[PDB]
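Here is the structure we will look at, set down as structure tokens.
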Amino acid sequence: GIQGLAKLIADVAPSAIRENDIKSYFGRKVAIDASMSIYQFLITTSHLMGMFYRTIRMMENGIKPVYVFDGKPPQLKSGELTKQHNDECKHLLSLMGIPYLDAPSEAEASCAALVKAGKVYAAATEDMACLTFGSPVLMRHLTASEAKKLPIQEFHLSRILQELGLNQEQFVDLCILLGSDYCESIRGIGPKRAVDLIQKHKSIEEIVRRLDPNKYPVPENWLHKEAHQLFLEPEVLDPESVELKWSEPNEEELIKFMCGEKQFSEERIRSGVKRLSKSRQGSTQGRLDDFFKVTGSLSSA
Amino acid sequence: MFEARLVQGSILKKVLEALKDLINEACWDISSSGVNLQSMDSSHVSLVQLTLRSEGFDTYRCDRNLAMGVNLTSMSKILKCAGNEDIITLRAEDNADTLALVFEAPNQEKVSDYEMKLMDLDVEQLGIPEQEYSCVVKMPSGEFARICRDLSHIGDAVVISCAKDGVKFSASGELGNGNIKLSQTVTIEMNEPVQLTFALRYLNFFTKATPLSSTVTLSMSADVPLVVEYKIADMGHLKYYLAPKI
Amino acid sequence: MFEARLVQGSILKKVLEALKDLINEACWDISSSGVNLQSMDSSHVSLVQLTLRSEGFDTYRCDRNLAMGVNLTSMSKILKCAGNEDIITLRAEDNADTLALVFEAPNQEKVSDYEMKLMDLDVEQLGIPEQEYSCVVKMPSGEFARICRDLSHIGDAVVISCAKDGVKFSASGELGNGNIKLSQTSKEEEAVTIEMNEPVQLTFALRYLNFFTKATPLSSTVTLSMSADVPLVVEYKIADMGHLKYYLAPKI
Amino acid sequence: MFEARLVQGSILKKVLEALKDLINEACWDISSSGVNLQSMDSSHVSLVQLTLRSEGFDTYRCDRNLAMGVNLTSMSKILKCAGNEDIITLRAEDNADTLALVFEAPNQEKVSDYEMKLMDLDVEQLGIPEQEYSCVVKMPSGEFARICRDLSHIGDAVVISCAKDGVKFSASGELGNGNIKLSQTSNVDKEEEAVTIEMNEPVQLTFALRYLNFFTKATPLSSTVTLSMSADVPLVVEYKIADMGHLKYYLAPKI
Amino acid sequence: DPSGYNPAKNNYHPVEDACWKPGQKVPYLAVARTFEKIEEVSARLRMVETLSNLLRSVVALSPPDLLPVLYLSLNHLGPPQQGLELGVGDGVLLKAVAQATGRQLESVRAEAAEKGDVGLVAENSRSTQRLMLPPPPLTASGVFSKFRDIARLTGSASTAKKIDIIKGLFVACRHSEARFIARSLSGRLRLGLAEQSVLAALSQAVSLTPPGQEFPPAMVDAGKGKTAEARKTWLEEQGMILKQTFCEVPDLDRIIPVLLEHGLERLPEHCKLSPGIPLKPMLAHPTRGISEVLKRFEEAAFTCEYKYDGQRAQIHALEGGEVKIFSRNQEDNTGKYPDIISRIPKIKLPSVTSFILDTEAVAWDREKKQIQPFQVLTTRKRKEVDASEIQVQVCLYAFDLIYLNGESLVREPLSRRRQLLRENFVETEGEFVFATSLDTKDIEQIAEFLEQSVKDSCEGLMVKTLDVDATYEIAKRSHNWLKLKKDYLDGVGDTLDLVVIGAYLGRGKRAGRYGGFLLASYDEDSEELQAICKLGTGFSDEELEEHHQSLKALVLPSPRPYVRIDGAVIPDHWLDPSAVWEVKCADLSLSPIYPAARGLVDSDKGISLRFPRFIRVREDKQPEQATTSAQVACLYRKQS
DNA sequence: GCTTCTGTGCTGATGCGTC
DNA sequence: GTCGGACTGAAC
DNA sequence: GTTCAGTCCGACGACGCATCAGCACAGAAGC
Ligand SMILES: *O=P([O])([O])O[C][C]1O[C](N2[C]=NC3=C2N=[C]N=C3[N])[C]([O])[C]1[O]
């Protein structure tokens, strides 16, 4: 994920940072990036053990998960300088009644495309790439285990963009300059510079050309262009090409193989498939803004 | 400048006893029309509307609309003193951080006044549209309250069934299940049959307002927030809006 | 299977409310003669015998003898939601897994029903032989409860004394001893009558009396029976329907 | 050697309960004239004085002047164990280590008895002079009790100010401020329900609401009470217990 | 008139310069004036002088008021064997001040935080709450009676009863006694002087003016005509008599009355040591390594001992069959281990009547047959003595002998003591054993036994001499045994490098600056800082001043979201995390309060440092480069 | 049915004793 | 538990 | 004759059994 931009926001605009708790997100469809999620699940069935139990935990509090898998990754600076366990996760999605999407590229772009088009209200990832892809709401830290307390952090892209006044492209350029996975950035100018330089020079291209000293280490191959067009219009699937629906979960089909390929507590898994199934009797309660429009806010003098 | 006088002060006690609990901090909008207040609850699953028209005020003056944010637990503690039949009078200055209250006893003997501190509070407001409800039930609030309490004693999911032939309330808990019915002897008006489900984890908080009015009305339609409404004399009414349990 | 109806639902309301703090689960035994419930407490120190005779109700229909294990706290949470004046009805099947409770209001605008989960329990049944208790006393219930509320306030044990024309409660502790004096009366709206054989004195736990005391609205008159070192019998006469009998161990 | 029977034991209940909250151990002096109870609080802020006279007792007989040291808690509970209407008889003899209480019921069939352990007690005696008071007010017991029960929620101390037009309470604190101006019940002399003020000079002072909440407990003995306030002087609150006695309280000011 | 009472005047006369008449109970105002004169002085021997002046005055005018004014300076409320304690919190005191001064709690808390001292804010303020009677001036006997009443009064609503009594004492102050009452109630009297120095000022007073003189005192300066140096030599040899007399029997209730009624030279004739009274146990000195042990014990033939991680226990067996068990800090802990009291028939040989022994008690695994950590012992229950259901078993390790069959052994060589220990008891495997000791002067076996101990679950090494200085008497030197810690023996230990996140205001000597800190580890799989410990020790005065002067501008008014804290103390300031401080740790442990490292071993229980110590401000780093919770877990695994 | 409260735990918050 | 801190003694 | 050398005193820290406070509600009493 983009280096340090959470720090810039948490120092300049904590107001768009909303600490909230799990039961506040009832009914919500959530677009989960499968790649970073299975990556933390590996930290040999442990990747499946998190894939089972974290999915259960989400289902309990009205949250409907949308797992999005990666396609062709773009020309990473590190990566351009196996799917046995990946498809192992695709196996139990159908076997537990959860949908699987496959994105044309980095699934964080396809999760953000889904959010910005109304099909889903929140995502599930730790990386701010989805905010930079235009997702108005980011929901983070959900995928953590039950003991690691982690209340769930909202970010509001609309509020962030409004408070500084600096548009989406004037937020993509921030991310690139502040240190993306696509290229190095200018290690000679501090991370605090990003909001102020964007306020004074709302592009990376205008930002570099004004100051040309030997002390300003702009990238040796200056990929601060190409990432801007990538985050503007990434290689994503059509959201309405896949109407999300959450199916009846299997009561026995997973467990007949689950303890079989990886010997583990029968009682935990059988109770898990029961509890996730009973949570589907909930997921019911809704919210007034869906029925009645916001006339606006009324401000006291 | 705000000045309103009201001989029926005892209803304000009953109003603030109900509003306080679902909304700890709330904002009145004071207008030439009289006083109103709207706010949503914590989960954004319900909201309240208070309406009181200026027609019922013993004297009123207002040069412009005023927005006053107030903690309702403070007003409840204040009015836990004011006497059961007192005249209640409210006053405010053009830009003050305080609201004045003046209370006169019926016997003129015990005369009280207070001056509370305001706080700055801006809250979101939702503009409810006018609509007709496929079911309207009009019935005494005291039985409705008892039924809601009796059902959340067992289980939190309530089903409310409304039709020409009667009203039904169904629920169940880990101990088993129950059903209650009401017969036209309660009055029902309908256009289409409706049956919905809601959470008594808000209806037993709603039914606090039993002292505010002798009867309640329930307005319902398919996939629409239940409206529970209580009349306030001639001066106005109170409404609650609750999102359905899909 | 059986079906039973009584117009005065308050009777069974109180019959339940008397037992709720004694035992949390018990076997109700229902037969064509009537309903019986014999059980010890949570501590073996006491026993209850509750009996309701079939002819005491307005309508009774039992064709198969049956005993159900019952969670009494559950039925308390049932009946708390109904008015005292309503008609009660109970129905049971042969496959004893759910009981139907029906509430019929005197204003017929409301009639309601509830289905409760049954349980399997085996109460340790015992035999209670009837015996001539060397002292027995009948008295009005309201003061007997007041006396218990008073004596348990100063201490945890009470000593009865039963003489030929005089009965006394006593309790002693840090703040002193309290003596409650009863003299026989022989007519008024209520009377205390003594059926003596030999004089006696016994001791009992005031805590279990503080629980027993909830049966007071079920009867005007309560009858207390004892001998040397046998348990105290306490009977509340439940109309012409039957009786509720406590049996409480004496403290040595 | 002491014996004292009184028909309306309800007064005795009410006064013991009303004293419990402020003091746990106190002494009666019993004499052939009657009974007195002077006591001080552990903070030595609030002084109480009870007086009973023999003509208020129905059957009173004291020969030797005897001091009874008594813990209020045990004897208050003993009268909680008694009916209101019951005829109560205190009994003891010379150097008796135990106090006898007889409780008599109107049914003749119930005649209960309670023995209290006495204890050694020494109390400090203080000699507060009777004097004029700059302001005197008679108020219904309920109206002052309600004023204080209310104002306990607006602050911790009340700024009283009496005057010829009407007595003012005022206070301030965490949630705001609150004023109560009781006028004088002037045009209609109801007696049972009146507020009356007499004043040579106005007096204005500050006082503790914890102790006012402790004082107001004697409200069920009389429908009215009287307040004596004077500059720099401890507030006198008085409860005239019919024709059996007087109960008086002094409150150290917060000047 | 005590308002000008001046014990700083040269040549104090015990009766002529006092400010009350004899027979009267000692005015507490003078005790307060004298405490204010002591704190105004820095020189320790001048403080012992001024306290000796006042002890002499008391035994001249009002001998019975001796015992309380000791505790007014010693702050203790009785012999620790009784279990008496004041049991009042500093919050309760701050609310009592708010009631008695009439000031609201927020302002008084803010003032007390900026001054660091409840006693300073007890003055300069009034409630104007005028009583009708001006209060009786407190006596030192009365002050002590009210403090033991605060200790005695407990049960439901007890904090009201405590608040009332404390209010009463507070409004009865006259000039400056209130500050010292405020200190007195916290258990933090901050007098600048302690037990040994009060025993010294006592010894000087009771030697200048012995008891048994009738008034007016016939002798005032028992050192008269002697030169000050030879006076000092007589003072200090008498002071050593007193100290040894105090050491053989800890409680002033056995010492001070017999001191009045028999006099100071004949004290040991009555004061014999016996089973059933506890005795002051030996202390240990921190040494870094074996060359230091060899220079300290060059002439001293010495032996080696494991330092077991248990609790210190003294056992005192009477011939009638009752036996008691006592802690280091003197308390009666008997009935923590009633099963040991059930074991007494099998432990001693049939030829012996009574004894006193010292032992380390450690919890023992019955089927595993191994040691377990101090975190096992600390969770052991305390109040109930119920032996029917025993959860955690115990085994004993001997390390010294005090008393056998009617002979005192404290005065003797460790050689004859340990001989008589071995030759007069029976060992019971899994119940009670000798600590293993190896009897050599070769460094190899010593560093071998070091390794064997650190791998046999023990803390470090204990070193004891057999005869040279070996005796039990504390007064000559308290530290006769040596502790060889692993902590610096490795040259550098478990060093960690932690970011600053928060600061605590200073108090006492530290007041007017910062006084404590809160630190975080880095959690890179969240990009956030996990609070790991509070730091309060090992920084010097001028480097503390440098830490403050660097932190002054670094505050943030809000908590920045990059913090994780819970249950741990909410800090007085929030700090932007710009520097890292290298610190040292003694052990990792599973904190039920700290969030850091939760779930890497145990799900909810986080990790924190036993015995944290600051070391160095690591000025070159960036915050995220600091230690990770995964390394912290790795170290914890390596502890087993 | 209403009143204020009492008796009811359950969970939270420190004081003080190990080291 | 533990580390620093000010001062009298250590004794050359 | 002063840079060492040792005492002694209180700065501060981490856990955890006990044990009481502070809502919070059924409950009963009071009416
Ligand atoms: O001064 P410290 O607290 O570090 O050390 C004394 C402490 O060590 C423990 N101890 C373990 N084993 C011991 C021993 N002390 C004496 N002898 C042995 N053999 C004990 O807890 C002491 O209090």
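FYI, nothing fancy with the structure tokens labels: chains A, B, ... in order, residues from 1 per chain, ligands from 1 as they appear.
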| request: Taking only C-alpha atoms (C1' of nucleotides) and all ligand atoms into account, report as number ranges by chain which residues have an atom no farther than 7 Å from an atom of ligand 1. | output: E: 283-285, 305-312, 328, 360, 399, 435, 462, 483; F: 19; G: 1
Write out, as a short mmCIF file (atom, residue, chain, number, x, y, z; two decimals), in the first residue's frame, the residues just selected, with N, CA, C and O atoms (P, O5', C5', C4', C3', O3' and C1' of nucleotides).
```cif
data_model
loop_
_atom_site.label_atom_id
_atom_site.label_comp_id
_atom_site.auth_asym_id
_atom_site.auth_seq_id
_atom_site.Cartn_x
_atom_site.Cartn_y
_atom_site.Cartn_z
N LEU E 283 19.80 -8.96 53.80
CA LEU E 283 19.65 -8.41 52.45
C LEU E 283 20.80 -8.83 51.54
O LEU E 283 21.77 -9.44 52.00
N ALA E 284 20.71 -8.50 50.25
CA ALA E 284 21.73 -8.80 49.25
C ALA E 284 22.21 -7.56 48.46
O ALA E 284 21.42 -6.69 48.11
N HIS E 285 23.50 -7.51 48.10
CA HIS E 285 24.07 -6.40 47.32
C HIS E 285 24.25 -6.75 45.83
O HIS E 285 24.75 -7.84 45.55
N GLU E 305 25.19 -20.63 45.86
CA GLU E 305 23.77 -20.97 46.00
C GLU E 305 22.95 -20.52 44.78
O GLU E 305 23.13 -19.42 44.26
N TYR E 306 21.97 -21.32 44.35
CA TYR E 306 20.98 -20.83 43.39
C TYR E 306 20.11 -19.73 44.00
O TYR E 306 19.57 -19.91 45.10
N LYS E 307 19.84 -18.67 43.24
CA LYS E 307 18.74 -17.76 43.56
C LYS E 307 17.43 -18.24 42.92
O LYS E 307 17.15 -17.92 41.76
N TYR E 308 16.64 -19.03 43.65
CA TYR E 308 15.32 -19.52 43.21
C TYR E 308 14.30 -18.38 43.09
O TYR E 308 14.24 -17.52 43.96
N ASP E 309 13.43 -18.39 42.07
CA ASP E 309 12.38 -17.37 41.96
C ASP E 309 11.12 -17.74 42.75
O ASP E 309 10.07 -18.07 42.19
N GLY E 310 11.22 -17.74 44.08
CA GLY E 310 10.11 -17.98 45.00
C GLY E 310 9.80 -16.81 45.95
O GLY E 310 10.14 -15.66 45.70
N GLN E 311 9.14 -17.13 47.06
CA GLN E 311 8.87 -16.19 48.15
C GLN E 311 9.68 -16.57 49.39
O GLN E 311 9.78 -17.75 49.74
N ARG E 312 10.25 -15.56 50.06
CA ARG E 312 11.03 -15.78 51.28
C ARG E 312 10.13 -16.13 52.43
O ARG E 312 9.13 -15.45 52.65
N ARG E 328 9.33 -11.72 54.10
CA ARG E 328 10.46 -10.77 54.19
C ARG E 328 10.06 -9.48 54.91
O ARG E 328 10.70 -9.09 55.88
N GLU E 360 13.28 -20.58 50.98
CA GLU E 360 12.56 -20.07 49.82
C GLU E 360 11.48 -21.08 49.44
O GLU E 360 11.76 -22.26 49.21
N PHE E 399 18.01 -22.27 53.01
CA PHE E 399 19.22 -21.48 52.76
C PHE E 399 19.87 -20.90 54.02
O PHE E 399 20.99 -20.42 53.91
N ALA E 435 18.89 -26.20 49.39
CA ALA E 435 19.48 -25.66 48.17
C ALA E 435 20.85 -26.30 47.95
O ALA E 435 21.63 -26.45 48.90
N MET E 462 23.64 -16.66 44.33
CA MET E 462 23.79 -16.21 45.71
C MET E 462 25.15 -16.64 46.27
O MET E 462 25.54 -17.80 46.14
N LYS E 483 24.26 -10.88 45.61
CA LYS E 483 23.46 -11.32 44.46
C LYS E 483 24.22 -11.01 43.17
O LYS E 483 24.54 -9.86 42.88
"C1'" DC F 19 9.14 -9.62 44.11
"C3'" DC F 19 10.92 -11.10 44.82
"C4'" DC F 19 9.74 -11.59 45.14
"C5'" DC F 19 9.76 -12.16 46.52
"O5'" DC F 19 9.66 -11.09 47.40
P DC F 19 8.80 -11.29 48.79
P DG G 1 14.19 -9.40 45.87
"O5'" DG G 1 13.28 -8.32 45.08
"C5'" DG G 1 13.89 -7.07 44.65
"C4'" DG G 1 13.44 -6.74 43.25
"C3'" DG G 1 14.30 -5.71 42.52
"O3'" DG G 1 15.20 -6.36 41.64
"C1'" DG G 1 12.02 -5.00 42.56
#
```
| said: Set the distance at 8 Å and use only C-alpha atoms (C1' of nucleotides): which residues neighbour range 9-21 of chain H once local chain neighbours fewer than 6 positions away are removed? I'd like the list as a PyMOL selection string. | reply: (chain E and resi 155-157+192-194+378-383+508-510+516+534-537+591+609-612) or (chain G and resi 1)
Output for the residues just chosen: N, CA, C and O atoms (P, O5', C5', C4', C3', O3' and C1' of nucleotides) as an mmCIF file, in the first residue's frame:
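Output contents, as saved in part_7.cif:
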```
data_model
loop_
_atom_site.group_PDB
_atom_site.id
_atom_site.type_symbol
_atom_site.label_atom_id
_atom_site.label_comp_id
_atom_site.auth_asym_id
_atom_site.auth_seq_id
_atom_site.Cartn_x
_atom_site.Cartn_y
_atom_site.Cartn_z
ATOM 1 N N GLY E 155 -15.964 -1.793 55.828
ATOM 2 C CA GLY E 155 -17.298 -2.265 55.468
ATOM 3 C C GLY E 155 -18.012 -1.365 54.457
ATOM 4 O O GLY E 155 -17.433 -0.433 53.893
ATOM 5 N N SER E 156 -19.285 -1.654 54.203
ATOM 6 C CA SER E 156 -20.109 -0.895 53.258
ATOM 7 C C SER E 156 -20.211 0.591 53.629
ATOM 8 O O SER E 156 -20.323 0.936 54.808
ATOM 9 N N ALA E 157 -20.158 1.470 52.627
ATOM 10 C CA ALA E 157 -20.101 2.932 52.769
ATOM 11 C C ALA E 157 -18.913 3.447 53.619
ATOM 12 O O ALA E 157 -18.913 4.587 54.089
ATOM 13 N N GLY E 192 12.342 12.783 54.656
ATOM 14 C CA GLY E 192 13.779 12.844 54.346
ATOM 15 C C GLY E 192 14.648 11.989 55.272
ATOM 16 O O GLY E 192 15.857 12.186 55.339
ATOM 17 N N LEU E 193 14.029 11.086 56.031
ATOM 18 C CA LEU E 193 14.608 10.355 57.151
ATOM 19 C C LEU E 193 13.717 9.119 57.400
ATOM 20 O O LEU E 193 12.503 9.199 57.232
ATOM 21 N N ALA E 194 14.274 7.983 57.797
ATOM 22 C CA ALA E 194 13.581 6.702 57.903
ATOM 23 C C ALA E 194 13.942 5.905 59.162
ATOM 24 O O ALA E 194 14.567 6.439 60.072
ATOM 25 N N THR E 378 2.350 -15.647 42.277
ATOM 26 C CA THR E 378 1.600 -14.393 42.478
ATOM 27 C C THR E 378 0.076 -14.599 42.383
ATOM 28 O O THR E 378 -0.677 -14.023 43.162
ATOM 29 N N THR E 379 -0.406 -15.511 41.540
ATOM 30 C CA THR E 379 -1.843 -15.798 41.441
ATOM 31 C C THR E 379 -2.393 -16.672 42.568
ATOM 32 O O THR E 379 -3.597 -16.899 42.648
ATOM 33 N N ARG E 380 -1.553 -17.223 43.452
ATOM 34 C CA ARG E 380 -2.012 -18.016 44.601
ATOM 35 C C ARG E 380 -2.958 -17.163 45.450
ATOM 36 O O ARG E 380 -2.669 -16.005 45.737
ATOM 37 N N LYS E 381 -4.093 -17.732 45.844
ATOM 38 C CA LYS E 381 -5.044 -17.109 46.779
ATOM 39 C C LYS E 381 -4.406 -16.778 48.135
ATOM 40 O O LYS E 381 -3.349 -17.320 48.456
ATOM 41 N N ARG E 382 -5.034 -15.909 48.928
ATOM 42 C CA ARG E 382 -4.435 -15.426 50.182
ATOM 43 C C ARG E 382 -5.301 -15.569 51.440
ATOM 44 O O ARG E 382 -4.773 -15.924 52.494
ATOM 45 N N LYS E 383 -6.598 -15.254 51.377
ATOM 46 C CA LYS E 383 -7.402 -15.051 52.587
ATOM 47 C C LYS E 383 -7.865 -16.362 53.202
ATOM 48 O O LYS E 383 -7.708 -16.578 54.406
ATOM 49 N N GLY E 508 7.411 14.904 44.047
ATOM 50 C CA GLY E 508 8.505 14.858 45.018
ATOM 51 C C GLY E 508 9.727 15.594 44.483
ATOM 52 O O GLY E 508 9.596 16.688 43.927
ATOM 53 N N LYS E 509 10.904 14.965 44.541
ATOM 54 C CA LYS E 509 12.126 15.553 43.959
ATOM 55 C C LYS E 509 11.991 15.883 42.462
ATOM 56 O O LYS E 509 12.613 16.818 41.961
ATOM 57 N N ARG E 510 11.161 15.115 41.747
ATOM 58 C CA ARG E 510 10.918 15.202 40.292
ATOM 59 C C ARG E 510 9.943 16.314 39.891
ATOM 60 O O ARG E 510 9.805 16.594 38.707
ATOM 61 N N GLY E 516 7.676 10.291 34.722
ATOM 62 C CA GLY E 516 7.415 8.953 34.218
ATOM 63 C C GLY E 516 7.095 9.022 32.729
ATOM 64 O O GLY E 516 6.771 10.094 32.218
ATOM 65 N N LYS E 534 5.425 1.413 31.029
ATOM 66 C CA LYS E 534 5.761 2.675 31.659
ATOM 67 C C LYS E 534 7.217 2.684 32.093
ATOM 68 O O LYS E 534 7.695 1.766 32.755
ATOM 69 N N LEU E 535 7.922 3.754 31.757
ATOM 70 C CA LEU E 535 9.319 3.973 32.092
ATOM 71 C C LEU E 535 9.458 5.034 33.172
ATOM 72 O O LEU E 535 9.056 6.169 32.952
ATOM 73 N N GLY E 536 10.110 4.708 34.287
ATOM 74 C CA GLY E 536 10.280 5.667 35.382
ATOM 75 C C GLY E 536 11.620 5.669 36.110
ATOM 76 O O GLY E 536 11.732 6.347 37.122
ATOM 77 N N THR E 537 12.626 4.914 35.675
ATOM 78 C CA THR E 537 13.839 4.719 36.475
ATOM 79 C C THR E 537 15.094 4.567 35.639
ATOM 80 O O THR E 537 15.048 4.131 34.491
ATOM 81 N N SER E 591 1.404 -9.608 30.572
ATOM 82 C CA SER E 591 0.568 -8.562 31.135
ATOM 83 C C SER E 591 -0.924 -8.735 30.831
ATOM 84 O O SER E 591 -1.316 -8.746 29.662
ATOM 85 N N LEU E 609 7.490 -5.791 30.407
ATOM 86 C CA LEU E 609 8.836 -5.938 30.919
ATOM 87 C C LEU E 609 8.820 -5.985 32.455
ATOM 88 O O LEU E 609 8.427 -5.009 33.091
ATOM 89 N N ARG E 610 9.291 -7.067 33.078
ATOM 90 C CA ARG E 610 9.704 -7.071 34.491
ATOM 91 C C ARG E 610 10.934 -6.159 34.631
ATOM 92 O O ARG E 610 11.874 -6.257 33.851
ATOM 93 N N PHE E 611 10.941 -5.277 35.620
ATOM 94 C CA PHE E 611 12.094 -4.448 35.986
ATOM 95 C C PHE E 611 12.682 -3.566 34.857
ATOM 96 O O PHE E 611 13.884 -3.610 34.617
ATOM 97 N N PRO E 612 11.898 -2.766 34.131
ATOM 98 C CA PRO E 612 12.397 -1.906 33.060
ATOM 99 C C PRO E 612 13.365 -0.839 33.545
ATOM 100 O O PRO E 612 13.158 -0.277 34.611
ATOM 101 P P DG G 1 14.193 -9.405 45.873
ATOM 102 O "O5'" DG G 1 13.285 -8.317 45.079
ATOM 103 C "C5'" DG G 1 13.892 -7.068 44.649
ATOM 104 C "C4'" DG G 1 13.436 -6.742 43.248
ATOM 105 C "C3'" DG G 1 14.300 -5.712 42.524
ATOM 106 O "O3'" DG G 1 15.203 -6.362 41.636
ATOM 107 C "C1'" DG G 1 12.018 -4.998 42.557
#
```
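Pairwise distance (CA of residue 134 in chain B, CA of residue 105 in chain C) equals 29.6 Å.
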| request: Mind listing the strand (DSSP E) residues of range 64-251 of chain C, per DSSP on the backbone, as a ChimeraX atom specification? | output: /C:66-71,87-92,98-104,111-117,135-140,157-163,166-173,176-183,193-196,200-205,221-226,232-238,242-248
| 10 Å contacts from chain E to chain D using only C-alpha atoms, as a ChimeraX atom specification | /E:99,102,104,127-133,135,161,163-169,171
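For range 65-196 of chain C, the set of residues given alpha helix (DSSP H) by DSSP on the backbone reads residues 72, 73, 74, 75, 76, 77, 78, 79, 141, 142, 143, 144, 145, 146, 147, 148, 149, 150, 151, 152, 153 and 154 of chain C.
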Tell me, as an mmCIF file with N, CA and C atoms, in the first residue's frame, which residues lie within 7 Å of range 57-62 of chain B, counting only C-alpha atoms (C1' of nucleotides); anything in the same chain fewer than 5 positions away does not count.
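Final output, around-v6.cif:
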```cif
data_model
loop_
_atom_site.group_PDB
_atom_site.id
_atom_site.type_symbol
_atom_site.label_atom_id
_atom_site.label_comp_id
_atom_site.auth_asym_id
_atom_site.auth_seq_id
_atom_site.Cartn_x
_atom_site.Cartn_y
_atom_site.Cartn_z
ATOM 1 N N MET B 1 -34.878 36.676 19.956
ATOM 2 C CA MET B 1 -35.733 36.776 21.163
ATOM 3 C C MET B 1 -36.748 35.649 21.153
ATOM 4 N N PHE B 2 -36.806 34.872 22.230
ATOM 5 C CA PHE B 2 -37.756 33.775 22.416
ATOM 6 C C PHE B 2 -38.535 33.973 23.704
ATOM 7 N N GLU B 3 -39.859 33.861 23.639
ATOM 8 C CA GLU B 3 -40.749 33.916 24.793
ATOM 9 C C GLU B 3 -41.986 33.081 24.483
ATOM 10 N N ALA B 4 -42.176 31.978 25.200
ATOM 11 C CA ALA B 4 -43.372 31.150 25.111
ATOM 12 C C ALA B 4 -43.889 30.798 26.504
ATOM 13 N N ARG B 5 -45.196 30.947 26.738
ATOM 14 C CA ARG B 5 -45.881 30.575 27.994
ATOM 15 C C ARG B 5 -46.834 29.398 27.774
ATOM 16 N N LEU B 6 -46.889 28.444 28.702
ATOM 17 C CA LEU B 6 -47.746 27.271 28.578
ATOM 18 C C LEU B 6 -48.272 26.761 29.922
ATOM 19 N N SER B 32 -41.792 30.613 13.843
ATOM 20 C CA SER B 32 -43.124 31.239 13.926
ATOM 21 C C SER B 32 -44.264 30.213 14.011
#
```
| query | Skipping near chain neighbours, those fewer than 4 positions away, what residues fall within 7 Å of range 59-73 of chain A using only C-alpha atoms (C1' of nucleotides), listed as a list in words? | reply | residues 22, 23, 25, 26, 27, 28, 29, 30, 31, 32, 33, 34, 35, 55, 99, 100, 101, 102, 103, 104, 105, 106, 107, 111, 276, 279, 282 and 283 of chain A
May I have a table of the residues of chain B lying at most 7 Å from chain C, giving each one's closest pair of atoms and their distance in Å to one decimal, counting only C-alpha atoms, ordered by chain and ascending residue number, as CSV?
```
residue,atom,partner,partner_atom,distance
B:150,CA,C:81,CA,5.2
B:175,CA,C:117,CA,5.8
B:176,CA,C:116,CA,4.9
B:177,CA,C:115,CA,5.6
B:178,CA,C:114,CA,4.4
B:179,CA,C:113,CA,6.1
B:180,CA,C:112,CA,5.1
B:181,CA,C:110,CA,6.2
B:182,CA,C:110,CA,5.7
B:183,CA,C:109,CA,5.2
B:185,CA,C:109,CA,6.6
```
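Contact shell of residue 72 in chain D at 8 Å (only C-alpha atoms (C1' of nucleotides); same-chain neighbours under 5 positions omitted): residues 16, 19, 20, 23, 24, 25 and 26 of chain D.
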With 6 Å as the cut-off and only C-alpha atoms counted, what is the closest atom pair between each nearby residue of chain B and chain A? Distances in Å to one decimal, ordered by chain and number, as CSV.
```
residue,atom,partner,partner_atom,distance
B:44,CA,A:287,CA,5.9
B:45,CA,A:287,CA,5.1
B:67,CA,A:300,CA,5.3
B:122,CA,A:299,CA,4.9
B:124,CA,A:297,CA,4.6
B:125,CA,A:297,CA,5.8
B:126,CA,A:294,CA,5.2
B:127,CA,A:295,CA,5.6
B:243,CA,A:287,CA,5.7
B:245,CA,A:285,CA,4.1
B:246,CA,A:284,CA,4.2
```
